[PDB]
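# Descriptive analysis of the structure
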Amino acid sequence: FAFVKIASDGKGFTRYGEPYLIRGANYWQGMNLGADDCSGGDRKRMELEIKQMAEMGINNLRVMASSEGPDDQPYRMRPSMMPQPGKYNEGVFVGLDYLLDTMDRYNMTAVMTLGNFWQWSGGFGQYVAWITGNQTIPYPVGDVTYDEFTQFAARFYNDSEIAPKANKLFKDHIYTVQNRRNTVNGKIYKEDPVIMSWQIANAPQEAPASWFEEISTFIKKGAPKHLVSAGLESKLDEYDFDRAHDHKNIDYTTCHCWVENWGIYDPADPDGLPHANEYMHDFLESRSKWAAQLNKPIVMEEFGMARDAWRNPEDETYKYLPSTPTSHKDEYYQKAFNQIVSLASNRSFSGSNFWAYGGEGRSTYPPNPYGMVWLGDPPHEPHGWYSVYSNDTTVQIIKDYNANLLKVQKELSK
């Protein structure tokens, strides 16, 4: 009962024997906000943000169920859930238990991201540092490029000496999360129907098919009642999409669309929005076809856009202020959402998770005593870059999309 499944025609999800469309948000800060105050959380704020997301019609949060220390590293969540391999900060782990229990109380499902290619939860670069014994990770700041960081972190699955060791540690972490007993409601994670899926990691970068095969099968054997996702961006071509998704134990497909990060969209250009709308339009259509070729659902489980930096393009801070409007972002979200509603009524898309809900956090607030300004932008990025705040104009467009998708879900159930 209540476990999310794949429809028997392979074209969407079901839940309670009916179609289940994803009215989703990203809430990767949920575990750290759920923690007690002692461990830097603000659980009353977390409860309020999940209430706000429920009033906006959200039924699904993609959340981060890993974070690696050590806790003196820059650009990452602090305090980490797993400060050393196999050694856990119980106060952070309790935060993930409270996050899942509060989602349970709002009848939301969770996509549980078990790791991260990127540096903001420690991630694959940090397992590489643990194995090589060198804690100097080449973070992509100053003179160090993203290519250099990427080649370093990709040793996690590409280097024949590092990868078996790093992946032993990573599987120990997956095993520990899937076997966690929720201290709030007593459920073991692998039997909790609030979890929609286990997700291998956020955004592996050209990882080999044999690694997707190995880890997806490890996770499925660990929690056979749950769906398994790859966490891929699908930012390359159809082969890269198949290398991640064409596996017996990968139940559905994802895509992440990031127009600014990929050089497509300039938020400081008053005339720059149409490039992003056109790119998002062709991205949804093409990725929908790639998913149809494998006969598996697809969710756009991350996408987002900056505030209106173009109104004051010479002022760098202005781009990140909560008072700055989000006209471009609102129109971009609206058109993406309208297209998804359309593809979904044709059983060609299953929903999306905008990146990311910032809630009551604001980019102008001081860091908490662990140096965290919690909101929807992780600490390797400028605070407030993509966050959707509780009273942004974008909230009504998200609310209208989630009503529209729930209407499509009803029509698909008749």
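The rules behind each value
- Residues numbered from 1 in each chain as written, not as in the entry; some residues may be left out.
- Heavy atoms only, no water.
- Residues with missing side-chain atoms left out of burial classes, pairs and counts.
- Pairing = 2+ DSSP bridges.
- Helix = DSSP H or I, 4+ residues; strand = E, 2+ residues; numbered from the N terminus.
- Core = buried A, V, L, I, M, F, W, Y, C linked by side-chain atoms within 4.5 Å.
- Buried < 20%, exposed > 50% of the residue type's maximum accessible area, 1.4 Å probe, protein only.
- Contact = heavy atoms within 4.5 Å.
- Right-handed = clockwise from strand over helix to strand, strands pointing away.
- Axes fitted to C-alpha atoms, helices over the stretch in contact; angles between N-to-C directions.
- Parallel < 35°, antiparallel > 145°, perpendicular 65-115°, else oblique.
- Nonpolar A, V, L, I, M, F, W, Y, C, P; charged D, E, K, R; others polar.
- Expected span 1.5 Å × (residues − 1).
- Salt bridge = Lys/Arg side-chain N within 4 Å of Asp/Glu carboxyl O.

Structure determination for this PDB entry is given in the record as X-ray crystallography, at a resolution of 2.00 Å.

As annotated in the PDB entry, the chain is Exo-beta-1,4-mannosidase from Rhizomucor miehei.

The strand order β1-β2-β3 describes an open sheet built from three strands, whose pairing is antiparallel. Either end of the sheet is taken by a strand with one partner, and the two such strands are β1 (5-6) and β3 (18-20).

Before going further, it helps to spend a moment on the nonpolar core. Membership of the largest hydrophobic core comes to 112 residues, with the highest contact counts inside it found for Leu 96, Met 112 and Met 300. When sequence neighbours within four positions are dropped, the list of residues in contact with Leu 96 reads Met 31, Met 64, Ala 65, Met 81, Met 112, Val 177 and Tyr 189. Core analysis: the second largest hydrophobic core is formed by nine residues, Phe 13, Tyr 20, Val 111 and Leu 227 among them.

Time to look at the pairing of strand β5 (residues 60-64). Among the five residues of β5, five are classified as buried, and the element is accordingly described as predominantly covered. Across the two faces of β5 the burial is the same, with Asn 60, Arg 62 and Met 64 and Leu 61 and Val 63 all buried. As defined by bridge partners, strand β4 (residues 22-26) adjoins β5 across three bridges and the pair is classed as parallel. Bridge pairing in β5 places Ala 25 opposite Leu 61. Taken together, the five bridges between β5 and strand β6 (residues 109-113) define a ladder with parallel strand orientation. Within the sheet, the bridge partner assigned to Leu 61 lies in β6 and is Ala 110. Crossover β5 to β6 through helix α3 (residues 90-105) is right-handed.

Another point: the packing of helix α11 (residues 327-345) against helix α12 (residues 394-413). Running from N to C, α11 and α12 point in directions that differ by 0°, and their axes come no closer than 10 Å. Of the possible angle classes, the one that applies to α11 and α12 is roughly parallel. Counted together, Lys 329, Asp 330, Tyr 333, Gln 334, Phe 337, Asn 338, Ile 340, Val 341, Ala 344 and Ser 345 of α11 and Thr 394, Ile 397, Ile 398, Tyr 401, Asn 404, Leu 405, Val 408 and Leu 412 of α12 form the full contact between these two elements. Along the lines of polarity and charge, the residues of the contact of α11 with α12 split into eleven nonpolar, five polar and two charged.

On to α11, then. If you check α11, its first and last C-alpha atoms are 27 Å apart, about what 19 residues at 1.5 Å a residue would give, namely 27 Å. Within α11, the full set of buried residues consists of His 328, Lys 329, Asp 330, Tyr 332, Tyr 333, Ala 336, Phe 337, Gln 339, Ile 340, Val 341, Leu 343 and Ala 344. Of the surrounding secondary structure, the elements contacted by the buried residues of α11 are β9 (253-257), α10 (273-294), β10 (298-303), β11 (351-354), β13 (388-389) and α12. Among the residues trailing α11, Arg 347 stands out with phi positive, at a value near 50°.

For the rest of this paragraph, the subject is the pattern of salt bridges. Under the counting rule described, the total for this entry stands at 19 salt bridges. For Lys 187, the salt bridge is made with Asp 104, and the minimal N-O distance between the two is 2.7 Å. Here the residue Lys 187 occupies a position in the loop between α7 (162-178) and β7 (195-199), and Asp 104 occupies one in helix α3, the gap between them amounting to 83 residues. You can call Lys 187 partly exposed: its relative accessible area is 21%. Across the pair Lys 220 and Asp 251 runs a salt bridge, and its minimum N-O distance is 2.6 Å. Here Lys 220 is found in helix α8 (residues 209-222), whereas its partner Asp 251 is found in the loop between α9 (238-245) and β9, with 31 residues between them in sequence.

In this model, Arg 78 is joined to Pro 79 through a cis peptide bond whose omega is 0°. Position of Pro 79 among the secondary structure elements: in the loop between β5 and α3. Even without being a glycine, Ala 2 presents a positive backbone phi close to 75°. In this structure, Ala 2 sits in the segment before β1. Here the phi dihedral of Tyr 75 falls at roughly 70°; this positive angle occurs in a residue that is not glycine. Considering the arrangement of structural elements, one finds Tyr 75 in the loop between β5 and α3. For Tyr 75, a relative accessible area of 30% translates into the label partly exposed.

Time to look at the environment of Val 395. Looking at the secondary structure, you find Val 395 in helix α12. The sequence separation of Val 395 and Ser 39 amounts to 356 residues, and the corresponding C-alpha distance is 30 Å. Leaving out residues up to four positions away in the same chain, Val 395 has contacts with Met 56, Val 388, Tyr 389 and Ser 390.

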